[PDB]
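Undergrad: The structure is given below, and queries will be raised subsequently.
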Amino acid sequence: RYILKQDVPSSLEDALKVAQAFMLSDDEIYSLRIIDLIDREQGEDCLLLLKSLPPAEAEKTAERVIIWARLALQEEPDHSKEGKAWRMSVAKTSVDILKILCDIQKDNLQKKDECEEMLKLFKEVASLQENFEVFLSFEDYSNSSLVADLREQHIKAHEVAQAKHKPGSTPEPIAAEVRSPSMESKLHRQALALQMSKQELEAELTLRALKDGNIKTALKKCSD
Amino acid sequence: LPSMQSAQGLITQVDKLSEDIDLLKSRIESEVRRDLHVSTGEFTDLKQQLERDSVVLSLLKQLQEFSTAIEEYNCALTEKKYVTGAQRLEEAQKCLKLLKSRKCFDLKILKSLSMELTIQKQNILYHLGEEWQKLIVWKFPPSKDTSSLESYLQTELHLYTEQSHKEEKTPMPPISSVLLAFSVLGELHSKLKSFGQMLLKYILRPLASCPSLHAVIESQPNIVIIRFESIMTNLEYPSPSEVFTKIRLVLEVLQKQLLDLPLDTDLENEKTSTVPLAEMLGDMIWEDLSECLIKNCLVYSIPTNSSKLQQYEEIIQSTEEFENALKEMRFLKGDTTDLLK
Amino acid sequence: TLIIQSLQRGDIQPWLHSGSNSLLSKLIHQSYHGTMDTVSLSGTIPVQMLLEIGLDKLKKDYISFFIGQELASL
């Protein structure tokens, strides 16, 4: 740890032989190097180091750093800008190393399903963090109540994003020959993590409009 | 480098300083009750500072305990005493939560404490994950296929029963200790999720799809082998009674060979209770097993002629015992499930 | 205390002479063998540790003259 704190270009090599001659695994060396680079938000260096490493020790370093990342994300969220930036960087650096580990473990069937499930969980966490700036713990993440609440919130948001666009008054001199991005595309950006297709969105909108007493908008969508 | 003996020096000096704080507080309290009208204010004014120093000293005690628990856990790692190391880590976590609950230290110091705690926690968890895979072995065919008969034929499950005292120079702790270590740190929930799903995918679901599959359990003293051996049958869909018997045959061994070990929570905390292993294992597989049995076995057992209705009675009976056994083996919580309704 | 800090940090290797009647030389020797216990300074102990050095210094200064001038033997 002291050698790795010197920021010497050969400090990684200096610390390698310390654990080599004293009969300690190289797993800890590269794991701590990757952790130090993650704390410095330098995940590209982690990627190049992982690609330079042989796959055998690469698996060991990757699984340990993934466990460390989930454990570090399990504590209380930080409401400062630097804290949330660190959570986002950790998730983004974890997703692609999980992809690499999935590529490595194609034949290890016992490890294959575990890695695919863990990759899916971190993909959902990172997608929810980046597209929403919502940071909690994994116990709060896996709880389906928050997922359903955020699904219905953005269903209602899509309701208004079109309801305001049916003209209740004269149009404004906005989006004149330079049209703004569609609200449906942003909702779909959000829902790619929510795994909601167009058919389910239309089904929910039909029921929501029916509850509002609007008959024509539900019938037209059913006919389409 | 030059502070290993200074750690014991710190222990001694903090102990004698706590003793000094206590004796001076006793001296102050002895004289406060004597002069309660003339000496109260100036005694209390200095007792406030004494109590603040005592609070800071208690925080330093918590830091010393944080260091000592980590060092004892490091010592326990080398000797493969994972349960005590996990308990020491839990004590350190409890100390760190109280350290972070009071805003009195530098933020970077607490950041370093938390970083080292997480490093040691991932260190013990990775060792537990390593040691999990030696005891339980899944031997797969060289493909992801689960539709061909050879896919089920080349599937093997191995449980390394430690019947005799291990003489290997690379020893393996007993499965009960592994389960205790996972329960102390609260990570048994994810491991059960990982294992029950592969059990469902490669053991449970196959038995409800192909009527020709038969589960053979070879019981060696050290290695228990679960194997699929193909015996040809003439039924287009598996009948309920044989499928229930085959499921019960595997579930008895799985409960007795693996799930028959007591659990224990943190040593210093008795506010947490131990949940039986069979309950948690069933809760994560029973929902997907009842629907698999209904949609693959009980649907096709329904007769097409009214004359064959009475012969269905055994299926009503044979299900109930399959419902009862899992209730005796604690794989279920209630009495009426969707498999019987 | 400064001597204790210097010995613990392993920054110097003090030059020593034979006889080593002073306890400080023994402290240096034990620092040569790794790390030593924390030395306490209470009462007249600090006076005596310094006193034990002057005796050896004066004895060596005397012996360098008695034997050096062939006026006395050991």
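Residues in the structure tokens are numbered from 1 in each chain, the chains being A, B, ... in the order shown, and ligands are numbered from 1 in the order shown.
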For residue 32 (chain C), list every protein, DNA or RNA residue within 10 Å, evaluated using only C-alpha atoms, and leave out those in the same chain fewer than 5 positions away; present the list as a VMD selection string.
TA: chain C and resid 7 to 8 10 13 to 14 26 to 27
Undergrad: Excluding region 161-169 of chain B and any residue of its chain fewer than 4 positions from it, enumerate the residues within 10 Å of it, using only C-alpha atoms, and give them as a ChimeraX atom specification.
TA: /B:135-136,173-175,219-224,257-258
Undergrad: For chain A, which residue out of B:172, B:267, B:247, B:119 is the nearest one, using only C-alpha atoms?
TA: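 Between B:172, B:267, B:247, B:119, the residue approaching chain A most closely is B:119.
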Undergrad: Which is closer to chain A than all the others in B:10, B:96, B:46, B:153, using only C-alpha atoms?
TA: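 Smallest separation from chain A among the options: B:96.
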Undergrad: Give me the residues within 12 Å of region 99-110 of chain A as a PDB file with C-alpha atoms, in the first residue's frame, counting only C-alpha atoms and dropping any in the same chain fewer than 2 places off.
TA:
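Result file follows (selection-v4.pdb):
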ATOM      1  CA  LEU A  47      -9.438  -1.833 -18.354  1.00  0.00           C
ATOM      2  CA  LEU A  48      -5.997  -1.765 -19.969  1.00  0.00           C
ATOM      3  CA  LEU A  50      -7.157  -6.192 -17.062  1.00  0.00           C
ATOM      4  CA  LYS A  51      -6.625  -6.733 -20.791  1.00  0.00           C
ATOM      5  CA  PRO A  54      -3.645 -13.274 -18.195  1.00  0.00           C
ATOM      6  CA  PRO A  55      -7.262 -14.438 -17.848  1.00  0.00           C
ATOM      7  CA  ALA A  56      -6.539 -16.742 -14.885  1.00  0.00           C
ATOM      8  CA  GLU A  57      -5.534 -13.957 -12.492  1.00  0.00           C
ATOM      9  CA  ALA A  58      -7.905 -11.586 -14.304  1.00  0.00           C
ATOM     10  CA  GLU A  59     -10.906 -13.618 -13.117  1.00  0.00           C
ATOM     11  CA  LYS A  60      -9.637 -13.529  -9.530  1.00  0.00           C
ATOM     12  CA  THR A  61      -9.035  -9.772  -9.607  1.00  0.00           C
ATOM     13  CA  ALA A  62     -12.381  -9.054 -11.291  1.00  0.00           C
ATOM     14  CA  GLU A  63     -14.522 -11.079  -8.875  1.00  0.00           C
ATOM     15  CA  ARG A  64     -12.826  -9.496  -5.855  1.00  0.00           C
ATOM     16  CA  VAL A  65     -13.164  -5.962  -7.218  1.00  0.00           C
ATOM     17  CA  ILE A  66     -16.847  -6.615  -8.001  1.00  0.00           C
ATOM     18  CA  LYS A  92     -19.686   2.343 -15.110  1.00  0.00           C
ATOM     19  CA  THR A  93     -16.310   0.705 -14.450  1.00  0.00           C
ATOM     20  CA  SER A  94     -18.048  -2.389 -13.059  1.00  0.00           C
ATOM     21  CA  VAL A  95     -20.385  -2.941 -16.023  1.00  0.00           C
ATOM     22  CA  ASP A  96     -17.702  -3.389 -18.687  1.00  0.00           C
ATOM     23  CA  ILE A  97     -15.386  -5.480 -16.491  1.00  0.00           C
ATOM     24  CA  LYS A 112     -21.627 -18.324 -16.165  1.00  0.00           C
ATOM     25  CA  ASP A 113     -25.095 -17.906 -14.651  1.00  0.00           C
ATOM     26  CA  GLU A 114     -23.744 -16.190 -11.525  1.00  0.00           C
ATOM     27  CA  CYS A 115     -21.776 -13.713 -13.647  1.00  0.00           C
ATOM     28  CA  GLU A 116     -24.728 -13.069 -15.975  1.00  0.00           C
ATOM     29  CA  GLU A 117     -27.062 -12.400 -13.043  1.00  0.00           C
ATOM     30  CA  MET A 118     -24.490 -10.119 -11.397  1.00  0.00           C
ATOM     31  CA  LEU A 119     -23.965  -8.301 -14.692  1.00  0.00           C
ATOM     32  CA  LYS A 120     -27.715  -7.812 -15.045  1.00  0.00           C
ATOM     33  CA  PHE A 122     -25.114  -3.958 -12.037  1.00  0.00           C
ATOM     34  CA  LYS A 123     -26.503  -2.997 -15.457  1.00  0.00           C
TER      35      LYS A 123
ATOM     36  CA  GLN B 133     -16.905 -24.315  -4.653  1.00  0.00           C
ATOM     37  CA  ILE B 136     -20.133 -28.491  -3.703  1.00  0.00           C
ATOM     38  CA  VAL B 137     -19.271 -29.591  -7.244  1.00  0.00           C
ATOM     39  CA  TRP B 138     -21.496 -29.330 -10.323  1.00  0.00           C
ATOM     40  CA  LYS B 139     -20.164 -31.468 -13.183  1.00  0.00           C
ATOM     41  CA  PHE B 140     -21.705 -30.359 -16.476  1.00  0.00           C
ATOM     42  CA  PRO B 141     -21.759 -31.676 -20.037  1.00  0.00           C
ATOM     43  CA  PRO B 142     -19.563 -29.592 -22.391  1.00  0.00           C
ATOM     44  CA  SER B 143     -22.554 -27.562 -23.600  1.00  0.00           C
ATOM     45  CA  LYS B 144     -25.370 -25.327 -22.370  1.00  0.00           C
ATOM     46  CA  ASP B 145     -27.990 -27.701 -23.800  1.00  0.00           C
ATOM     47  CA  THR B 155     -25.033 -33.980 -15.246  1.00  0.00           C
ATOM     48  CA  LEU B 157     -23.828 -33.290  -8.370  1.00  0.00           C
ATOM     49  CA  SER B 194     -27.413 -18.695  -6.557  1.00  0.00           C
ATOM     50  CA  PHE B 195     -27.547 -22.380  -5.578  1.00  0.00           C
ATOM     51  CA  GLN B 197     -31.655 -21.564  -9.048  1.00  0.00           C
ATOM     52  CA  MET B 198     -29.049 -23.928 -10.512  1.00  0.00           C
ATOM     53  CA  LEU B 199     -30.648 -26.760  -8.522  1.00  0.00           C
ATOM     54  CA  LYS B 201     -32.540 -25.513 -13.598  1.00  0.00           C
ATOM     55  CA  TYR B 202     -30.494 -28.732 -13.687  1.00  0.00           C
TER      56      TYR B 202
END
Undergrad: Out of region 35-168 of chain B, which residues get strand (DSSP E or B) from DSSP, as a PyMOL selection string?
TA: chain B and resi 136-139+156-160
Undergrad: Export N, CA, C and O atoms of the chosen residues as a tab-separated table (two decimals), in the first residue's frame?
TA:
chain	number	residue	atom	x	y	z
B	136	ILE	N	-19.00	-28.18	-2.83
B	136	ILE	CA	-20.13	-28.49	-3.70
B	136	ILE	C	-19.65	-28.40	-5.14
B	136	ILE	O	-19.16	-27.34	-5.57
B	137	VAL	N	-19.79	-29.49	-5.89
B	137	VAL	CA	-19.27	-29.59	-7.24
B	137	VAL	C	-20.42	-29.90	-8.19
B	137	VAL	O	-21.17	-30.86	-7.97
B	138	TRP	N	-20.56	-29.08	-9.23
B	138	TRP	CA	-21.50	-29.33	-10.32
B	138	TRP	C	-20.69	-29.73	-11.55
B	138	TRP	O	-19.94	-28.92	-12.10
B	139	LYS	N	-20.84	-30.98	-11.99
B	139	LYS	CA	-20.16	-31.47	-13.18
B	139	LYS	C	-21.14	-31.45	-14.35
B	139	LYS	O	-22.16	-32.16	-14.33
B	156	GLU	N	-23.89	-34.17	-13.11
B	156	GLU	CA	-23.54	-34.80	-11.85
B	156	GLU	C	-23.47	-33.76	-10.74
B	156	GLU	O	-22.99	-32.64	-10.96
B	157	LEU	N	-23.95	-34.12	-9.56
B	157	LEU	CA	-23.83	-33.29	-8.37
B	157	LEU	C	-23.03	-34.02	-7.30
B	157	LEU	O	-23.27	-35.20	-7.02
B	158	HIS	N	-22.07	-33.32	-6.70
B	158	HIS	CA	-21.20	-33.92	-5.70
B	158	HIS	C	-21.25	-33.11	-4.41
B	158	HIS	O	-21.14	-31.88	-4.43
B	159	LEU	N	-21.42	-33.82	-3.29
B	159	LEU	CA	-21.37	-33.22	-1.96
B	159	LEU	C	-20.23	-33.89	-1.20
B	159	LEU	O	-20.27	-35.10	-0.97
B	160	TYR	N	-19.23	-33.11	-0.82
B	160	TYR	CA	-18.05	-33.64	-0.13
B	160	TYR	C	-18.36	-33.72	1.36
B	160	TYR	O	-18.15	-32.76	2.11
Undergrad: Which polymer residues have any atom within 12 Å of an atom of residue 73 (chain C), counting only C-alpha atoms, with same-chain residues fewer than 4 positions away left out, as a ChimeraX atom specification?
TA: /C:62-69
Undergrad: Give me, as a PDB file with N, CA and C atoms, in the first residue's frame, the contact residues of chain B against chain C at a cut-off of 12 Å, counting only C-alpha atoms.
TA:
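In the end it all went to iface.pdb:
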ATOM      1  N   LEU B   1       6.244   0.777  10.475  1.00  0.00           N
ATOM      2  CA  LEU B   1       7.342  -0.012  11.023  1.00  0.00           C
ATOM      3  C   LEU B   1       7.469   0.120  12.542  1.00  0.00           C
ATOM      4  N   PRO B   2       7.730   1.339  13.085  1.00  0.00           N
ATOM      5  CA  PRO B   2       8.131   1.435  14.493  1.00  0.00           C
ATOM      6  C   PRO B   2       6.991   1.690  15.464  1.00  0.00           C
ATOM      7  N   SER B   3       5.884   0.961  15.359  1.00  0.00           N
ATOM      8  CA  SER B   3       4.768   1.244  16.252  1.00  0.00           C
ATOM      9  C   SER B   3       4.016  -0.002  16.710  1.00  0.00           C
ATOM     10  N   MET B   4       4.582  -1.199  16.549  1.00  0.00           N
ATOM     11  CA  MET B   4       3.899  -2.401  17.021  1.00  0.00           C
ATOM     12  C   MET B   4       3.847  -2.437  18.546  1.00  0.00           C
ATOM     13  N   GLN B   5       4.981  -2.185  19.205  1.00  0.00           N
ATOM     14  CA  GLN B   5       4.986  -2.092  20.660  1.00  0.00           C
ATOM     15  C   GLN B   5       4.224  -0.864  21.141  1.00  0.00           C
ATOM     16  N   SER B   6       4.181   0.192  20.324  1.00  0.00           N
ATOM     17  CA  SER B   6       3.427   1.375  20.711  1.00  0.00           C
ATOM     18  C   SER B   6       1.935   1.089  20.749  1.00  0.00           C
ATOM     19  N   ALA B   7       1.477   0.031  20.075  1.00  0.00           N
ATOM     20  CA  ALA B   7       0.071  -0.353  20.186  1.00  0.00           C
ATOM     21  C   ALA B   7      -0.256  -0.854  21.589  1.00  0.00           C
ATOM     22  N   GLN B   8       0.587  -1.731  22.140  1.00  0.00           N
ATOM     23  CA  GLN B   8       0.403  -2.155  23.525  1.00  0.00           C
ATOM     24  C   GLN B   8       0.621  -0.999  24.491  1.00  0.00           C
ATOM     25  N   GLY B   9       1.573  -0.115  24.188  1.00  0.00           N
ATOM     26  CA  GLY B   9       1.724   1.091  24.987  1.00  0.00           C
ATOM     27  C   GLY B   9       0.470   1.945  24.984  1.00  0.00           C
ATOM     28  N   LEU B  10      -0.180   2.062  23.823  1.00  0.00           N
ATOM     29  CA  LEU B  10      -1.456   2.757  23.720  1.00  0.00           C
ATOM     30  C   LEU B  10      -2.525   2.074  24.554  1.00  0.00           C
ATOM     31  N   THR B  12      -2.119   0.273  27.254  1.00  0.00           N
ATOM     32  CA  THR B  12      -1.831   0.548  28.659  1.00  0.00           C
ATOM     33  C   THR B  12      -2.152   1.991  29.039  1.00  0.00           C
ATOM     34  N   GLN B  13      -1.749   2.958  28.211  1.00  0.00           N
ATOM     35  CA  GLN B  13      -1.949   4.360  28.564  1.00  0.00           C
ATOM     36  C   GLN B  13      -3.426   4.736  28.521  1.00  0.00           C
TER      37      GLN B  13
END
Undergrad: For residue 152 (chain B), find every residue with an atom within 9 Å (counting only C-alpha atoms), except residues of its own chain fewer than 6 positions away, and show them as a PyMOL selection string.
TA: chain B and resi 140-141+146+202-203+206+213+227-230
Undergrad: Write the residues of the selection above to a file with C-alpha atoms, as a tab-separated table (two decimals), in the first residue's frame.
TA:
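Saved result, again31.tsv, follows:
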chain	number	residue	atom	x	y	z
B	140	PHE	CA	-21.70	-30.36	-16.48
B	141	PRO	CA	-21.76	-31.68	-20.04
B	146	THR	CA	-30.76	-28.91	-21.49
B	202	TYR	CA	-30.49	-28.73	-13.69
B	203	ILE	CA	-32.17	-31.06	-11.16
B	206	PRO	CA	-35.70	-31.86	-15.66
B	213	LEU	CA	-35.35	-39.56	-15.99
B	227	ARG	CA	-26.70	-38.68	-10.95
B	228	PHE	CA	-29.31	-38.99	-13.69
B	229	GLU	CA	-29.72	-42.46	-15.19
B	230	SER	CA	-32.09	-42.93	-18.12
Undergrad: Would you mind writing down, as an NGL selection string, each residue of region 61-273 of chain B that DSSP on the backbone assigns to alpha helix (DSSP H)?
TA: :B and (61-78 or 82-101 or 107-135 or 149-153 or 175-184 or 188-199 or 205-209 or 240-253)
Undergrad: Interatomic distance between CA of residue 84 (chain A) and CA of residue 186 (chain A)?
TA: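 For CA of residue 84 (chain A) relative to CA of residue 186 (chain A), the distance reads 22.0 Å.
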Undergrad: Would you mind listing what lies within 12 Å of residue 19 (chain C) as a short mmCIF file (atom, residue, chain, number, x, y, z; two decimals) with N, CA and C atoms, in the first residue's frame, with only C-alpha atoms counted and same-chain residues fewer than 2 positions away left out?
TA:
data_model
loop_
_atom_site.label_atom_id
_atom_site.label_comp_id
_atom_site.auth_asym_id
_atom_site.auth_seq_id
_atom_site.Cartn_x
_atom_site.Cartn_y
_atom_site.Cartn_z
N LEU C 16 29.54 2.82 19.52
CA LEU C 16 29.60 2.35 20.90
C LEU C 16 31.01 1.88 21.24
N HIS C 17 31.31 1.90 22.54
CA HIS C 17 32.59 1.43 23.06
C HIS C 17 32.35 0.27 24.03
N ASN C 21 28.62 -0.06 30.41
CA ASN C 21 28.02 0.03 31.74
C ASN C 21 26.73 0.83 31.75
N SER C 22 26.58 1.80 30.85
CA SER C 22 25.36 2.58 30.77
C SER C 22 24.23 1.77 30.16
N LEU C 23 23.02 1.97 30.67
CA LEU C 23 21.87 1.23 30.15
C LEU C 23 21.50 1.69 28.75
N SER C 25 23.45 2.15 26.19
CA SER C 25 24.10 1.25 25.24
C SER C 25 23.33 -0.06 25.08
N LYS C 26 22.78 -0.59 26.18
CA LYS C 26 21.95 -1.78 26.09
C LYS C 26 20.66 -1.51 25.33
N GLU C 52 25.16 7.26 34.55
CA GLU C 52 25.86 6.04 34.15
C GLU C 52 26.77 6.26 32.95
N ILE C 53 26.62 7.37 32.22
CA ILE C 53 27.46 7.62 31.06
C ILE C 53 28.72 8.36 31.45
N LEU C 55 30.29 8.26 34.29
CA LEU C 55 31.22 7.37 34.97
C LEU C 55 32.12 6.65 33.97
N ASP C 56 31.53 6.08 32.92
CA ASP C 56 32.32 5.42 31.89
C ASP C 56 33.23 6.40 31.15
N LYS C 57 32.73 7.60 30.85
CA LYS C 57 33.57 8.59 30.17
C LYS C 57 34.80 8.95 31.00
N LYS C 59 36.10 7.18 33.47
CA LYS C 59 36.95 6.00 33.62
C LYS C 59 37.84 5.80 32.40
N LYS C 60 37.27 5.95 31.20
CA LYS C 60 38.08 5.84 29.99
C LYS C 60 39.12 6.95 29.90
#
Undergrad: Quick one: pull the distance between CA of residue 341 (chain B) and CA of residue 276 (chain B), Å, one decimal.
TA: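 Separating CA of residue 341 (chain B) from CA of residue 276 (chain B) is a distance of 26.0 Å.
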Undergrad: Hey, what's within 12 Å of residue 5 (chain A) if we count only C-alpha atoms and toss same-chain stuff fewer than 2 positions away? As a ChimeraX atom specification, please?
TA: /A:1-3,7-12,14-15,32-33,36-37,40
Undergrad: Distance CA of residue 304 (chain B)-CA of residue 324 (chain B), one decimal place?
TA: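 CA of residue 324 (chain B) lies 28.9 Å from CA of residue 304 (chain B).
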